[PDB]
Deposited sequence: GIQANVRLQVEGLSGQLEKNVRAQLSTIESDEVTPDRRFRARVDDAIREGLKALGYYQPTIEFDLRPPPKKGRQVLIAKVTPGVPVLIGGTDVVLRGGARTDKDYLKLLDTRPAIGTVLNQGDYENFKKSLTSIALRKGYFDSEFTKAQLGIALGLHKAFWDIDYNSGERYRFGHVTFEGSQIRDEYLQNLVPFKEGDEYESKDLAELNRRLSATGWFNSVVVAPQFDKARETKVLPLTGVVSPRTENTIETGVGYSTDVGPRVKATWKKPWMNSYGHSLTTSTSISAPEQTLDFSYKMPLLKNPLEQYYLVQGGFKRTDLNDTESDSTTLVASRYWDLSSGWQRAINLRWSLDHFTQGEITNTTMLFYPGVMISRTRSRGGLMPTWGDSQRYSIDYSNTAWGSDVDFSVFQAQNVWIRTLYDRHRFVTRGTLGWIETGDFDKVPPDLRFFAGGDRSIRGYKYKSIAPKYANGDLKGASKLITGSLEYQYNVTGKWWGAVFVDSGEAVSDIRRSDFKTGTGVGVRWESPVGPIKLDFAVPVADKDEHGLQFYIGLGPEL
C-alpha cells in the first residue's frame, strides 16, 4: 500500500487519480517501482503547473511530495485570420483564455486548439489552418507563453442538394431542405436534413454527403442525399393478457410508401374476447411541407360485446394535420360514423357527422422504457343536428402522462384523464362515446369498464363525465428489472356534484426485455364492500 502527503486541494485529487492506474499492493521492486510512482506524481503536477517538485520515500510505503514553484501564464497570444477575426464564435472563445498570472494548465492550451478546429468544422471554414501553434515553457522565468496564429479562411455556403436512389418524387425532398442555396454552412443543418428525411418513413437509409471536390474554388458546397427505399411491407404483432379481459392480440401492417407521391397506408387490428377492431389509415403528405403537413383518411370497424354493451360501429374520418418538430400535433377532424348498439335495454341505430379539433404532443428520451418523457392530448368534438347528425353533443377530453427519473433508479409515472360529454339525448349517444372506468390504464383492480352509472334495473348505462388518475413509483432493483407500486383512482358519473370515486392499488414487475418493456401488475380494489379479489395484467404496455 502507498500513501501521499503534502497536497492540500485539487493537487491531492489529480495525483490520486494518476496513481490509481498502477498496482500498489503487489510483488514489485523497491527502486524500479518507486521510479514508476515518481513519474506519475510529476505528470499529475505538471498538468497543474508544478514542474520542479521534490519527492522522497520511507519504509507500507509513504511519499513526501512537495509542489515546488509553479509555472504561471506569461502570455496567451493568439492572432486570427480570415472570417474568424470578425466571427462572433471565435471572438467569444478568445475570452476563455487564462489570465496572465494564473497558474498554468496544459489542458487549456490544447483545448483552445480543439475549439478553433471545432468551430471551423461547425461553421464551414473548410480552409482553416494553423500557420503557427506553439506553447513556450520558460522554467527560468517560471512563465509560459502561447503563440497561436490561426487562419480560418472564409465561410463555405450551401449549394444545391441532389438526391439519388429516391422512389419519391424529387420536389418532396427539395421541400425538406432546411436551408436556402447560398446560406452560410452550419453542421446542424445537415443533421436536420437527415432527420427530416428519416422521419418521413420513406427510406431504409439516408446519407447526406458534402461534395468537397467541387467547392474548393467556389466556396459553395453541393450536397448529395443518397437514399434507399423503405421496405415496402412491415408487420408488427403484440400479445397481452388480463384476468378480466383475457388474452388480447394486436397487429399492424404498414406500407410506408404506396407511390412516388409519398402516400402511406396502415392497416391495424386489435382482437380480444369483448372487443374487436379493424382500421385503415391512409396518409397524404402536402407538397409544400411533406413532413409537417398531411391529410389523413381513416376508416374503421368495431364490435363490442362487453358487460351490458353490445355494439357494432363503422366510422370514416378525414383529417388535416399540422406537425411541429417540437413534438406538437394539431389537427382538424371531420368524422362520420354509424353505430348499431344495445346498452342495457336501450337499443338504437345512431348516425353521426361532426367536426372536431385535436392538439397533442409526445416527447421521449431513454429508449423504449424512457427515463424521461410525457404525452398530452386535448380534443373537442361538436355534433349538431342542423347538418344531419342524429344527436346534438359536445365532447371535451384531456389526458396526460408524465415520466420522470430521479437518481437513475427511481422512476415516477403519473397519469390523468378527463372527459366531459354535454348533451340532451344521452340515450342516443353510442356506448363508445360514453365513459366507463375500470381496468388497466383506467383503474387497475377494477374490471374493464365496469364503473359507470346504472339504469334502474341495475344495467350499466355509461357516464357523461370521466375523471381518473394514477401515481406509480418504480425502482430499478437490478439491471433491467424493476419493482413497481401504484395507486389508481377515478370515477365515471353523469353528475359531477355527486362523487363516486373508486380506488385500486397494487404492485408489479417491469422487465426491459429484448423486444421492449414487459410489465406485470397485480391489483386490488381499495375499501369497497362490493368488489373484492385480485386482478392481474401482463403485456408490453407503452406507458406514454
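In this chain, the deposited residues that lack C-alpha positions fall in the ranges 1-6, 66-74.
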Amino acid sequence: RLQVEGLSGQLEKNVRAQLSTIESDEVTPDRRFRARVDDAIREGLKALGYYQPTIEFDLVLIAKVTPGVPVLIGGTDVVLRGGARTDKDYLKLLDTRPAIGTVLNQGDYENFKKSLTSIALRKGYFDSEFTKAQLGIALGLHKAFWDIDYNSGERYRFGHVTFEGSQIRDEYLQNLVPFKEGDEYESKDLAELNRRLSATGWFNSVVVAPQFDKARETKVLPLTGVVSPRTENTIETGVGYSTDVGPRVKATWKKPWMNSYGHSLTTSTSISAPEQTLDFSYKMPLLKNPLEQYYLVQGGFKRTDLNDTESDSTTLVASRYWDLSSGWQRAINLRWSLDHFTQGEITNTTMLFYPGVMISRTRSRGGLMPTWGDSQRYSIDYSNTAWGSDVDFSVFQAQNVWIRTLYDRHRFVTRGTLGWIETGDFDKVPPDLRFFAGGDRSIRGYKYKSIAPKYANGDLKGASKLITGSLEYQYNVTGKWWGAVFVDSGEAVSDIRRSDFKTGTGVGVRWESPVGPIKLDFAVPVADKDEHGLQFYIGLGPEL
From here on, numbers count along this sequence of modelled residues.
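Mean CA B-factor, 179-187 versus 88-96: the higher value falls on 88-96. Between 366-374 and 269-277, the higher mean Cα B-factor belongs to 366-374.
The PDB entry assigns the greatest CA B-factor among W481, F501, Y51, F486 to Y51.
Residues shown: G490, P517, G506, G44. Highest C-alpha temperature factor in the entry: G44. Among the modelled residues of the chain, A527 sits in the middle third by CA temperature factor in this PDB entry.
In this PDB entry, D427 carries a Cα temperature factor that places it within the middle third of its chain's modelled residues.
Annotation for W257: C-alpha temperature factor in the lowest third relative to the rest of the modelled chain, per the entry. For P222, the recorded CA temperature factor ranks within the middle third of the chain's modelled residues. Ranked within its chain, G299 lands in the middle third, by CA B factor from the PDB record.
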